[PDB]
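Undergrad: Data file start-v7.csv (CSV, C-alpha atoms) is appended below.
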```
chain,number,residue,atom,x,y,z
Q,1987,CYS,CA,-134.1,70.2,-31.5
Q,1988,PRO,CA,-134.9,67.3,-29.0
Q,1989,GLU,CA,-133.2,63.9,-29.1
Q,1990,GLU,CA,-135.8,62.3,-31.4
Q,1991,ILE,CA,-136.2,64.3,-34.6
Q,1992,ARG,CA,-139.7,62.9,-35.3
Q,1993,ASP,CA,-142.0,64.4,-32.7
Q,1994,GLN,CA,-141.0,64.6,-29.0
Q,1995,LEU,CA,-138.3,62.3,-27.4
Q,1996,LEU,CA,-138.9,58.6,-27.7
Q,1997,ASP,CA,-141.3,56.0,-29.3
Q,1998,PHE,CA,-143.9,58.8,-29.9
Q,1999,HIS,CA,-144.3,59.3,-26.1
Q,2000,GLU,CA,-142.7,58.6,-22.8
Q,2001,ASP,CA,-144.4,57.6,-19.6
Q,2002,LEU,CA,-146.2,55.0,-21.7
Q,2003,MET,CA,-144.5,51.7,-22.3
Q,2004,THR,CA,-141.1,50.6,-20.9
Q,2005,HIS,CA,-138.6,53.4,-20.1
Q,2006,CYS,CA,-140.0,55.8,-17.5
Q,2007,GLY,CA,-140.4,52.7,-15.3
Q,2008,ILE,CA,-137.6,50.1,-15.4
Q,2009,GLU,CA,-137.6,48.7,-11.8
Q,2010,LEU,CA,-140.1,46.0,-12.9
Q,2011,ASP,CA,-142.3,47.8,-15.5
Q,2012,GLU,CA,-139.6,47.1,-18.0
Q,2013,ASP,CA,-139.6,43.5,-16.8
Q,2014,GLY,CA,-143.4,43.4,-17.3
Q,2015,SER,CA,-142.9,45.1,-20.7
Q,2016,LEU,CA,-140.6,42.3,-21.8
Q,2017,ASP,CA,-143.5,40.0,-21.7
Q,2018,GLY,CA,-142.7,36.8,-23.7
Q,2019,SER,CA,-140.4,35.5,-26.3
Q,2020,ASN,CA,-139.8,36.8,-29.9
Q,2021,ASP,CA,-138.2,40.1,-28.7
Q,2022,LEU,CA,-134.6,39.1,-29.8
Q,2023,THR,CA,-132.5,36.2,-30.9
Q,2024,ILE,CA,-130.6,36.1,-27.5
Q,2025,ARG,CA,-133.8,34.6,-25.9
```
Once more with this new file: its structure as structure tokens, please.
TA:
Amino acid sequence: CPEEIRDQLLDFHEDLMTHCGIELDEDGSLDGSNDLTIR
């Protein structure tokens, strides 16, 4: 099977949110606070 058992690969889709683009699209995806306690 693929890596993700659920449907496809990751987070219900890739080329959506944070991971296909990480040069600054991750940096845009990490928008504000309240993502982790290390903030």
Undergrad: Suppose you want the space between atom CA of residue 2025 of chain Q and atom CA of residue 2012 of chain Q; what is it in Å?
TA: 15.9 Å
Undergrad: Please provide the set of residues having any atom within 12 Å of residue 2014 of chain Q, restricted to all atoms listed in the file, with same-chain residues fewer than 6 positions apart removed, written as a ChimeraX atom specification.
TA: /Q:2003-2005,2007-2008
Undergrad: What lies within 12 Å of residue 1995 of chain Q using only C-alpha atoms, ignoring chain neighbours under 6 positions off, as a CSV table (one decimal) with C-alpha atoms, in the coordinates of the input?
TA:
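What landed in out-v5.csv:
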```csv
chain,number,residue,atom,x,y,z
Q,1987,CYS,CA,-134.1,70.2,-31.5
Q,1988,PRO,CA,-134.9,67.3,-29.0
Q,1989,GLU,CA,-133.2,63.9,-29.1
Q,2001,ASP,CA,-144.4,57.6,-19.6
Q,2005,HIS,CA,-138.6,53.4,-20.1
Q,2006,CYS,CA,-140.0,55.8,-17.5
```
Undergrad: Interatomic distance between atom CA of residue 2022 of chain Q and atom CA of residue 1997 of chain Q?
TA: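 Interatomic distance here is 18.2 Å.
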Undergrad: Just how far from atom CA of residue 1992 of chain Q is atom CA of residue 2018 of chain Q, in Å to one decimal?
TA: 28.7 Å
